[PDB]
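sequence, then the experimental structure. Questions to follow.
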Amino acid sequence: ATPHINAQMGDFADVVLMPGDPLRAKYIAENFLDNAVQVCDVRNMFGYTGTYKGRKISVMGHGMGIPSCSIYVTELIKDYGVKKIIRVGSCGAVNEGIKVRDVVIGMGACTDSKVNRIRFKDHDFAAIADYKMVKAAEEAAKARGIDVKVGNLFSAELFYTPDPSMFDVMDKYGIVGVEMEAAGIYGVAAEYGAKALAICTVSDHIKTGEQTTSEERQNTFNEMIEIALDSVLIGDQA
Amino acid sequence: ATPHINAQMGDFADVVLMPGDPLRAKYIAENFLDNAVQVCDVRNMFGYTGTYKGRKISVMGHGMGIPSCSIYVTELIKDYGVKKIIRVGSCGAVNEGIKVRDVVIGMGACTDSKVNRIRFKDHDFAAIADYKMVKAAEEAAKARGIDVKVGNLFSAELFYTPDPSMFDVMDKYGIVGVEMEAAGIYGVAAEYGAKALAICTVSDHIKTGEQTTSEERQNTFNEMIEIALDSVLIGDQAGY
Amino acid sequence: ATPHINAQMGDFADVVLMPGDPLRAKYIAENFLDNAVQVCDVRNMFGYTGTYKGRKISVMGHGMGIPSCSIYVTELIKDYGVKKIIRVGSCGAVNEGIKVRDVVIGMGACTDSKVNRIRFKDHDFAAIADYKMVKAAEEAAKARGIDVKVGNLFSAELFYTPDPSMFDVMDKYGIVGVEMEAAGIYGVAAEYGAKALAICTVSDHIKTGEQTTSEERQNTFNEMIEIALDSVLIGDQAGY
Amino acid sequence: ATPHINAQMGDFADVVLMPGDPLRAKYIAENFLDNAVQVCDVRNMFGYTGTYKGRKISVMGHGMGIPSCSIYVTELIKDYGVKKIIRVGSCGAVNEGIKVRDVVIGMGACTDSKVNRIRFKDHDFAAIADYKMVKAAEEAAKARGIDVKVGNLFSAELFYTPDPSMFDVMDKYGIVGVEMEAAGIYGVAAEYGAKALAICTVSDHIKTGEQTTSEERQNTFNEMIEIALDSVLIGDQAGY
Amino acid sequence: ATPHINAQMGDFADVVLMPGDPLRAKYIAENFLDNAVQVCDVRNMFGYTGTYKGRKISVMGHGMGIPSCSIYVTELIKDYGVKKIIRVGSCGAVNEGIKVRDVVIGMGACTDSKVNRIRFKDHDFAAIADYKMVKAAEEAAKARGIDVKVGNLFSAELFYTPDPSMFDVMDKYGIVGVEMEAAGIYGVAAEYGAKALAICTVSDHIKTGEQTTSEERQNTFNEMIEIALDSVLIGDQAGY
Amino acid sequence: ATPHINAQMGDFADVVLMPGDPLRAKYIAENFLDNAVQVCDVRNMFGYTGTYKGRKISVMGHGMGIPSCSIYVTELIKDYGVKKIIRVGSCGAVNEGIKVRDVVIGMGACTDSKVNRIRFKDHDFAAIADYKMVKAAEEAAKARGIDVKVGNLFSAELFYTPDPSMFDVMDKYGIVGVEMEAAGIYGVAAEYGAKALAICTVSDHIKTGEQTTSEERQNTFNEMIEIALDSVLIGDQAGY
Ligand SMILES: O=c1[nH]cnc2c(C[N@@H+]3C[C@H](CO)[C@@H](O)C3)c[nH]c12
Ligand SMILES: O=c1[nH]cnc2c(C[N@@H+]3C[C@H](CO)[C@@H](O)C3)c[nH]c12
Ligand SMILES: O=c1[nH]cnc2c(C[N@@H+]3C[C@H](CO)[C@@H](O)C3)c[nH]c12
Ligand SMILES: O=c1[nH]cnc2c(C[N@@H+]3C[C@H](CO)[C@@H](O)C3)c[nH]c12
Ligand SMILES: O=c1[nH]cnc2c(C[N@@H+]3C[C@H](CO)[C@@H](O)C3)c[nH]c12
Ligand SMILES: O=c1[nH]cnc2c(C[N@@H+]3C[C@H](CO)[C@@H](O)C3)c[nH]c12
């Protein structure tokens, strides 16, 4: 066991879906997997393993923000043999053409965190997803007739930002959604030589102020989950 | 409600103890407070309000790392009228003379986060506790005969750091414990005009490799909790 | 006319292939395009427009390094209506699994340049290609039976670097090739609302020392050219 | 013996009061210590040793600015065996409720200098005073009925700042005074394993433009001296 | 041969004039040198060697921007035995009193590039010319009755800058011209132990918007060439 | 009067020589100027005005380090009408061919200070001397048969540096002397539109350990004083 995960090697599948909300992981396990079993619950950070169409798949919360998800992702990779991480998150939109409930896929993630500069000799690391995982997710979406935008996320350090003018800069630069984790997840994946992807559902609009309820974020973002799960199967086939 | 707390204004006391672990907050509420009631549970981040020797006090988890605790601390101050935050955390020691289960108090907190540079025009903001809160914590510890070191914490971004040589730099500079939150909490406190303090129990020795179990971290760090709660009463005194 | 391009609006197609070397552009126009006409030659930076399998396409050199290519790409987009840029470059390999003449596609581009920090309030801009352009290139490669790797490039400021230890960091982080341009091109595309992709042919192995000749770089990297041109046709398909 | 101090080991007490102004050091020695003797004068930077209530105490100027004071503080600690440094300085107020002649105590010191980034791998070092020294000064002030604010100083590089908008930022973040030294002194004390504290008298109001005369700064800031001296005796107590 | 220069040792003189434009190099070689022969042409980057009043002199393009010119200048110095580089460039004026066709000499060059930080442990390297080269050029100009301003250039990374407000900062600080190369050439010269100088003719006024044609930049900036060539002879003198 | 200078407009000449050490300023005034009178003495920072060969000249200490000298030089320029500042300092050598007592001239000054980044939007300001002042000083030296090196100083923040490996980088980049002021003085001069120069006598060798005494630094660096004063008269010449 680790300080953060009360599980043993083998308890996780080699692919893990990760929302920041452990109650969304519970929702995913109970409603999309067969034979689901809870495998960890330290700090209430619930993780589960079950099967989807014959395929062993895990789902586990990562908490909010880069330093939180970095602990969980690093442990899964280095202690539990995990090969692929798919973050299944929420995000706030800054572009007028991107609506609440749209699904976006972060091929890259910008950030105002220092973590990748710490890794990368204070130069610019382009925090990117694994291409084949991006392609598999886009393809899974198309097959279900779900529209997705593939582009840059922005992984924010401060949800309550003292610099809101930066949202306009994000919009100008084509950022598809604001969250707080992907750039960190992609940094860990590169560091440890694993593969990662972040898929998010727009849960609020930073410009219009439109919101979803805590309950909707927890229980109703089903399209991203279907896309994520199908993309796992597509990945196995190639 | 806010996106992260399903409570109403008035539901929290004006002072809140905050461990990173919502199960530690549950433990504190159930074992140290009278009249305890759970006031929130979004994302499993449990928060409670009760009384300690008659004084209304809340306790709530803040999650791990600066971006997480910044969310919760900001909301408590700006949305729930909270005046004082006492982080009751764990930490790793870098100094050979600081032992697992030692209690330390962060008058200041160093960090490798960018959050305070973002706030402070890319200059060095010294992330500090409120002085009277520090003094009250130290004097609560003295009364109970619990030894404490008061000094600099280091709030790390990366628990699994790619730069372990930094630990010896921290030690050379007198850092008393490594955690992942205080510098962010002190930044929010200054930005929003409130007061904060971080008190931590050493749960790991970073030099030797010693690590307490998950369960120990959750339910057995009683000294810091006693100090924290007594410090609230001390700090309430007229003219303290 | 601009200071760097003596051409008229309309003289370029809405897609432009850009090698660093204006003589590689000449090679491409003369050997891969039909009815090519030279449209510019300021500073010996040759550009041409012709057709490929009926589709109007331009090819123009961008010189070496981020500041050079930034000028040409910016002008093409803002002054010449160009919508899509495909850099067709060379690069150095840092991974021993990657060989001279391998073709790599930069879905992202790391850099030690300050240009994106200048644009992006000193934060980390993830300099990325347009996804549909990456997909079209990878599919064009497959249709030709050409192996490719899709990953991070590193756009270097100093070819003669004072810090060769950085190559090992690049390799550890999975950089598929070192060049000097993509991160700048991707920054311009995003700043000006256009689309870009960099495909490169490995021309040097930085670990082993293998180095192709100038003539080889100029006239013999055909596979990347084939992939770029084919990818334009794929990218044109309605609904792609 | 050192390039900046023409004294011998033993000439300084283990506690040194340090104003920036060597003439304020002379004022202090002549008016607050008994039997003070001058022990150094290189570069006109006067230092003295005498007794206060029989207790050996030194006072010596440190010049203006982080690089100047760092030289002197470093030498005192590493070459003259000094254990505690109490800066007795002036400062400019940025908060309207803070007045000329108010005494402030720097539990922390923010800065726009690069010196601590140089020491601390380019991370944020929270430049803090020694806690017991803060507490002793605070308590000495209360015993004399002198109000003091305990909080963050801001140690500035440029007295004539090109960025006066930063003063508004300091005020919003609760900075109690602007001086030019504490963050550097605190950085030295941590690097060399000693203890330090900065106590300052407000000599300038940065918002209103009020400025005391050079005469006043040199010979009339008596309260901070009384507090500093009393705090030495308080801090000497075995179990303090 | 190198990947950028198809010449051998001995093909270049020990002093090389370098415009960014290889066609300006051709112009110089054809009209100001005797018996100029073309010694390289890779990537269309023309270089020539002839004589001026019997003295062996080379002229070669360096392309646009710091990363491009760094390649060529580094190769000339380390692979071709070159001792002195004289950039003969264009530049944009930011001062009202500096006019198109004025000749300026960069004793130093500011920059927004990261290259010298990369070289100089992230500190500030003052990118400066060789003093005697500055003196020879200034004296050559005076002997010709040509007025020159000697001061700081600014070597820009982005010609199409997203921060035009920086031009006013340059003007306030006395920058005599903005180009894109000098700070990088000066860093290479210092890194490799050679000597360099940048002399530039104002081709654009950034404040007034006035411009010259590409043809003018290429074929008509004669005063800087005459000054540069005269300065080589002056600088050759024993005891200069 | 200012808080740092107890003099009135007119008390200073329009050129001021400035050592860091106010006792060296006294020495210069008493032994090199005619009819010198002391014009200021706040914080023991002695300043004087007299004549050299009939020319009105001032000499005043600036203290140690960039923040200290920035105060005095800024006041001299903006409050006392000063046009030219000649720092007459000491420095440490890092190159094995530069010896104690050699005289060097800082045409540029590198620095690890943040001051010019603060001024210059976080870019690289090349902190340079005024060209005619450098030329006049070099030519004054030659006329006295005094050999001088003209190049980059390094203005250090931390005399007791925690990074002595930086000295090798300085040597590799051709730094002629290490002091603690020039880069600051040059930035002030540029900010306020005045002119400055730093001439320094090597007072110790950072590589070999060789030193000079406090008394030698104060009273025996005559060559640099003679050069500085002579350079004033040369610089006054019409048309120089
Ligand atoms: O406005 C926003 N800023 C930053 N992140 C988010 C997200 C995505 N998640 C939600 C959660 C903070 O609410 C953190 O894990 C990032 C939704 N909306 C926003
Ligand atoms: O070894 C350590 N490194 C960094 N932080 C901590 C802490 C403090 N908390 C505990 C939790 C990570 O275990 C995060 O909220 C920071 C205990 N031990 C260590
Ligand atoms: O070894 C290398 N380092 C950096 N870039 C390149 C490239 C790519 N191009 C080629 C050209 C430098 O030769 C510049 O445009 C970058 C090939 N090899 C290397
Ligand atoms: O207005 C101010 N700005 C910055 N520092 C100070 C100080 C403190 N000291 C005084 C002295 C500059 O006068 C230097 O040692 C810093 C007093 N007033 C001000
Ligand atoms: O307006 C300008 N900004 C930056 N550089 C230049 C130059 C000097 N050269 C010209 C060329 C870019 O046109 C590049 O090599 C730098 C002339 N005008 C300007
Ligand atoms: O070794 C050295 N490091 C930095 N500066 C100096 C100097 C020049 N002055 C002397 C003085 C520090 O002793 C400060 O004003 C800079 C001489 N030697 C050294």
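Perfect, thanks for sending it. Residues are numbered from 1 along each chain as shown, chains lettered A, B, ... in the order given. Ligands and ions are numbered 1, 2, ... in the order given.

quick one: is the host helix or strand of residue A:229 near chain C?
Per DSSP states H and E, residue A:229 falls inside helix A:222-237. No - using CB under 8 Å from any CB of the partner chain, helix A:222-237 stays clear of chain C, coming no nearer than 14.1 Å. For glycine as for every other residue, the C-beta is placed from the backbone atoms N, C-alpha and C.

CA atoms of that helix as PDB?
C-alpha atoms of helix A:222-237 as PDB (Å, rounded to 0.1, in the frame of the first residue of the first chain):
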ATOM      1  CA  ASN A 222     -22.600  10.200 -19.700                       C
ATOM      2  CA  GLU A 223     -21.300  11.000 -23.200                       C
ATOM      3  CA  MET A 224     -17.700  11.500 -22.100                       C
ATOM      4  CA  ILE A 225     -17.800   8.200 -20.200                       C
ATOM      5  CA  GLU A 226     -19.100   6.300 -23.200                       C
ATOM      6  CA  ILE A 227     -16.500   7.900 -25.400                       C
ATOM      7  CA  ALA A 228     -13.700   7.100 -22.900                       C
ATOM      8  CA  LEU A 229     -14.800   3.500 -22.500                       C
ATOM      9  CA  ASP A 230     -15.200   2.800 -26.200                       C
ATOM     10  CA  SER A 231     -11.800   4.400 -26.900                       C
ATOM     11  CA  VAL A 232     -10.200   1.900 -24.600                       C
ATOM     12  CA  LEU A 233     -11.600  -0.900 -26.700                       C
ATOM     13  CA  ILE A 234     -10.600   0.800 -29.900                       C
ATOM     14  CA  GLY A 235      -7.100   1.200 -28.500                       C
ATOM     15  CA  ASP A 236      -6.900  -2.600 -27.800                       C
ATOM     16  CA  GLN A 237      -7.800  -3.400 -31.400                       C
END
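
can you pull the buried residues of that helix?
A:223-232, A:234-235 (16 or more other CB atoms under 10 Å in any protein chain shown).

among the residues you listed, which one sits closest to residue A:130?
residue A:235 (9.3 Å; CB to CB).

the closest one and residue A:84 touch, don't they?
Yes - in this structure, residue A:235 is within contact of residue A:84 by CB atoms under 8 Å, at 7.2 Å.

now the helices for chain A?
A:22-32, A:66-80, A:115-119, A:131-143, A:165-172, A:182-192, A:214-219, A:222-237 (DSSP state H).

what's in contact with the shortest one?
Contacts to helix A:115-119, defined as CB atoms under 8 Å, 6 or more residues apart in numbering or on different chains, come from residues A:66-67, A:70, A:123, A:125, A:127, A:183-184, A:187, A:190-191, B:112, B:157-158, B:161-163, C:124, C:173.

which residues of chain A lie near chain C?
A:107-113, A:116-117, A:119-121, A:123-128, A:131-132, A:134-135, A:138, A:150-152, A:163, A:166, A:169, A:172-174, A:183, A:190-191, A:193.

about what we covered before: tell me which of the helices of chain A sits most buried.
Across the helices of chain A, the average number of neighbours (mean count of other CB atoms under 10 Å in any protein chain shown) peaks for helix A:182-192, which reaches a mean of 28.

which other helices and strands contact that helix?
For helix A:182-192, the packing partners by 3 or more CB pairs under 8 Å, 6 or more residues apart in numbering or on different chains; DSSP states H and E come out as helix A:66-80, strand A:84-93, strand A:103-111, helix A:115-119, strand A:148-155, strand A:195-205.

give me the most central residue, chain A.
Compute the mean C-alpha point of chain A, and by CA atoms, centre = their mean the closest residue is residue A:87, 1.8 Å away.

so that one sits right up against residue A:201, yeah?
No - applying CB under 8 Å as the test, residue A:87 and residue A:201 come out as separate, 11.4 Å apart.

and the residue in chain A that chain D sits nearest to, what does it touch?
Distance from chain D to each residue of chain A (CB to the nearest CB) is smallest for residue A:122, at 7.3 Å. Residue A:122 is in contact with D:122, E:122, counting by CB under 8 Å, 6+ apart.

now check stretch A:95-114, is it near chain E?
No - taking CB under 8 Å from any CB as the criterion, stretch A:95-114 and chain E are apart, separated by no less than 14.4 Å.

close to chain D, is that stretch?
No - shown here: stretch A:95-114 not in contact with chain D (CB under 8 Å from any CB), separated by at least 8.5 Å.

in contact with the residue nearest to residue A:133 when sequence neighbours are not counted, which residues?
Computed as CB to CB, 6 or more residues apart in numbering or on different chains, the closest residue to residue A:133 that is not its neighbour in sequence is residue A:197, at 4.0 Å. Counting by CB under 8 Å, 6+ apart, residue A:197 touches A:84-87, A:105-106, A:129-130, A:133-134, A:137, A:231.

what's the closest of those residues to ligand 5?
residue A:106 (35.1 Å; CB to the nearest ligand atom).

the closest residue to the closest one other than its chain neighbours: what's it in contact with?
Leaving out its chain neighbours, the residue that sits closest to residue A:106 by CB to CB, 6+ apart is residue A:153, at 3.6 Å. By CB under 8 Å, 6+ apart, the residues touching residue A:153 are A:91, A:104, A:106, A:108-110, A:175-179, A:182-183, A:198, A:200.

ok, residue A:34 next?
A:50-52.

filter those down to the buried ones.
By 16+ other CB under 10 Å, the contacts of residue A:34 give A:50, A:52 as buried.

among the contacts of residue A:34, which are located in strands?
Among the contacts of residue A:34, DSSP state E puts A:50-52 in strands.

tabulate those in CSV, adding columns for distance to chain D.
Listed next are the ones in strands among the contacts of residue A:34 as CSV, based on distance: CB to the nearest CB, whole Å:
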residue, distance to chain D
A:50, 42
A:51, 45
A:52, 43
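
from chain A, which residue is nearest to chain F?
Closest point on chain A to chain F, by CB to the nearest CB, is residue A:122, at 13.9 Å.

isn't residue A:85 right up against residue A:184?
No - if you go by CB under 8 Å, residue A:85 and residue A:184 don't touch, sitting 11.2 Å apart.

and for these two, which residues touch both?
Common contacts of residue A:85 and residue A:184 (CB under 8 Å, 6+ apart): residue A:73.

which residues touch the residue in chain A that ligand 1 sits nearest to?
Closest to ligand 1 within chain A is residue A:92: 3.2 Å, counting by CB to the nearest ligand atom. Counting by CB under 8 Å, 6+ apart, residue A:92 touches A:177-179, A:202-206.

if we can go back for a sec, which one among the contacts of residue A:34 gets closest to chain C?
residue A:52 (25.5 Å).

and the spatially closest residue to the closest one that is not a sequence neighbour, how far from chain E?
Spatially, and ignoring its direct neighbours in sequence, residue A:52 is nearest to residue A:229 (5.1 Å; CB to CB, 6+ apart). The gap separating residue A:229 from chain E is 42 Å, by CB to the nearest CB, to the nearest Å.

thought residue A:229 was touching residue A:17?
Yes - using CB under 8 Å, residue A:229 is in contact with residue A:17, at 7.4 Å.

between those two, what contacts are shared?
Contact criterion CB under 8 Å, 6+ apart; residues shared by residue A:229 and residue A:17: residue A:57.

what is the burial count for whatever residue of chain A ends up closest to ligand 2?
Scanning chain A for the residue nearest ligand 2 gives residue A:3, at 5.0 Å (criterion: CB to the nearest ligand atom). Residue A:3: 19 surrounding residues under other CB atoms under 10 Å in any protein chain shown.

do the same with residue A:213
For residue A:213, the count of nearby residues is 13 (other CB under 10 Å).

quick one on the thing from earlier: neighbour-wise, which of the contacts of residue A:153 leads?
Going by other CB under 10 Å, residue A:106 tops the contacts of residue A:153 with 36 neighbours.

what's near enough to touch it?
Contacts of residue A:106 (CB under 8 Å, 6+ apart): A:129, A:151-153, A:176-177, A:182, A:197-200.

identify the farthest-apart pair in the contacts of residue A:92.
Maximum distance among the contacts of residue A:92 (CB to CB): 13.9 Å, for A:179 and A:205.
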